[PDB]
Amino acid sequence: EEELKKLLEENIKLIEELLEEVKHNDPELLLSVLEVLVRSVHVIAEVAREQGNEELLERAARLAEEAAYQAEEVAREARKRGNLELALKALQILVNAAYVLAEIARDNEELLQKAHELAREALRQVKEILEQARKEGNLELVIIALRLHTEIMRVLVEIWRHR
Amino acid sequence: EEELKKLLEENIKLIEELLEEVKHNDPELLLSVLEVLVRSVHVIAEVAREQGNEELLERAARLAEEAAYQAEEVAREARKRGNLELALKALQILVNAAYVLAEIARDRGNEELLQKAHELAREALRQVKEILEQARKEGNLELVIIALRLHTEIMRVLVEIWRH
Amino acid sequence: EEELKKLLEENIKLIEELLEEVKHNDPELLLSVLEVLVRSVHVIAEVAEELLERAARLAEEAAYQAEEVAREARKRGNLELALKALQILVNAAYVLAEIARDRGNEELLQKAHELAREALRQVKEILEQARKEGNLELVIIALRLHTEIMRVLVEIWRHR
């Protein structure tokens with residue numbers, strides 16, 4: 001009756017194999033795998049609240065935690081290389097990983113706090129890109145940064161709602 | 001019989017007339033209108049469950065079913081013509097049409113509709129699986145991303161079917 | 001435990017300062033920030049207040065700017081920016097209706113309804129025009145918009 005149980009394991013396995021395969025590839029391609037990963041992790045959380053499966057939550061929490069650091073590494077290197085566009089994309093996947101991590105926390109304060117620092121770090125990083133973008137005079141890039149700035153803020157209010 | 005009821009009928013008339021017009025034109029435009037069809041059906045299902053218009057459930061479910069089969073034919077032809085992107089794009093509207101069909105099935109209690117949506121997901125899973133091995137063979141890592149993105153979305157449909 | 005209040009004020013302050021500066025710049029750029037502006041007002045859902053009235057006012061001002069760009073776009077003959085501008089109008093109407101139900105402002109609910117009702121009127125005109133002009137691609141964009149006003153208008157009915 002549980003055909004999705006095979007499909008659930010099949011999906012993460014294909015993503016994890018791709019993630020290791022794409023690790024050496026272009027950062028933009030790496031961000032694409034992380035985008036699908038955090039999109040996948042949300043449904044593994046959605047299919048563990050329906051289940052009594054607490055073990056599946058630990059799996060999704062580890063993958064969301066690992067996806068968070070991967071987005072952070074690409075964000076640090078991209079900003080160092082001068083690419084604010086690819087960098088700003090990385091914080092987007094970073095906060096998205098933090099958002100699902102906060103959802104994973106509900107039904108462990110340490111996971112909620114861990115997701116909080118992930119969101120807090122993202123807000124700190126985008127602030128540097130936003131303030132820098134205003135200095136460079138690129139109003140178009142400030143929109144993307146301000147668009148992101150709202151998204152971390154929108155996520156950050158949810159942690160308060162989670163208490 | 002409110003004022004929104006007129007807007008619902010007005011929307012389906014414009015969608016149905018366009019769908020027949022673009023069938024002979026290009027699949028990409030046909031996919032765009034088909035995408036709105038499942039988007040429109042989702043909002044019409046939410047107001048027929050709220051207004052208790054059980055007749056509208058059959059109408060909205062039929063349109064999602066028709067959008068599913070229309071998405072499937074263009075998905076089948078696209079893979080035959082070698083356009084895996086348009087095929088993978090078409091499968092997205094298919095699973096979304098299957099998703100709303102599964103959601104209507106669980107609410108209305110139509111066990112036949114739940115399996116029909118289930119087979120739609122099974123068909124979509126077969127195509128992406130075939131596309132995935134093909135995309136991996138040609139070395140197009142970009143296409144496996146779209147396929148894995150689609151593959152993940154199929155799981156969301158299977159989660160809802162089990163919830164019934 | 002009100003650490004977000006600084007970030008909340010920082011978001012509205014950064015958006016409002018940018019919104020006033022870019023208004024005279026490019027219409028496409030003005031529409032994009034208005035999308036972020038209407039996205040920013042959504043954070044007002046957290047009702048702790050005095051800041052709620054400020055953010056609700058900002059949504060009112062963002063609504064008219066999208067309509068003004070929509071009017072000029074149709075006047076300039078570019079239906080594309082109009083449908084894009086009309087799109088941001090409907091989200092502004094959507095967020096305005098949600099804020100109305102929080103404080104129970106029945107006048108705001110009818111006001112937000114009229115923006116969507118008018119937005120459906122313009123998009124209906126563009127749709128018949130786009131089909132008449134033969135730009136089948138624009139009819140999809142117009143029909144794409146048409147669904148969203150219906151989704152917002154259906155939600156407004158769910159309130160009353």
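For a quick check of your reading of the model, give me the residue pairs whose first member lies in the range C:119-132 and is under 11 Å from C:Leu86 (Cα atoms), whose second is surrounded by 15 or more Cβ atoms within 10 Å (Cβ to Cβ) and of a type in the set (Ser, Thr, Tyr), with beta-carbon atoms closer than 8 Å and at least 6 apart or on different chains. Within 8 Å, no pair qualifies. Consider A:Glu110 carefully, then state whether it is more than 16 Å from the chain's Cα centre (by Cα) and more than 11 Å from chain B (Cβ to nearest Cβ). For A:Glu110, the condition - more than 16 Å from the chain's Cα centre (by Cα) and more than 11 Å from chain B (Cβ to nearest Cβ) - is met. Going residue by residue through the range C:56-76, is there one that turns out to be crowded, with 16+ Cβ neighbours inside 10 Å and closer than 20 Å to A:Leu156 by Cβ? Yes, because at least one residue in the range C:56-76 is crowded, with 16+ Cβ neighbours inside 10 Å and closer than 20 Å to A:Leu156 by Cβ. Residue check: B:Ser32 meets all listed conditions (1) within 14 Å of B:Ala71 (Cα to Cα); (2) crowded, with 23+ Cβ neighbours inside 10 Å; (3) at the interface with chain C (Cβ under 7 Å from one of its Cβ atoms) but one, namely (2). The single condition among (1) β-branched (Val, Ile, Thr); (2) within 14 Å of chain A (Cβ to nearest Cβ); (3) within 21 Å of B:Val38 (Cα to Cα) that B:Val100 does not satisfy is (2). Restricting attention to the range C:43-54, the residues that are more than 7 Å from chain A (Cβ to nearest Cβ) and crowded, with 16+ Cβ neighbours inside 10 Å total 3.
Could you please let me know if A:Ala87 is under 29 Å from C:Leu37 (Cβ atoms), touching a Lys or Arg at 6+ places or on another chain (Cβ under 7 Å) and more than 14 Å from every other protein chain (Cβ to nearest Cβ)?
When the stated conditions are applied, A:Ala87 passes them.
Among the residues making up the range B:1-26, those that are more than 10 Å from every other protein chain (Cβ to nearest Cβ) and under 14 Å from B:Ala67 (Cβ atoms) are B:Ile12, B:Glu16, B:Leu19, B:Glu20, B:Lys23. Filtering the range B:133-155 to residues that are surrounded by fewer than 20 Cβ atoms within 10 Å (Cβ to Cβ) and within 8 Å of chain A (Cβ to nearest Cβ) leaves B:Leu141, B:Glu142, B:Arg149.
Within the range B:132-164, the residues that satisfy the criterion of being more than 25 Å from A:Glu2 (Cβ to Cβ) and among the aliphatic types (A, V, I, L, M) are B:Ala135, B:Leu141, B:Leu143, B:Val144, B:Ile145, B:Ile146.
Every read-out reported here was derived from the displayed coordinates using simple, explicitly stated rules and does not represent laboratory data. Using ideal geometry, Cβ is built from the backbone for each residue, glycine included, and neighbour counts are taken over all protein chains shown.
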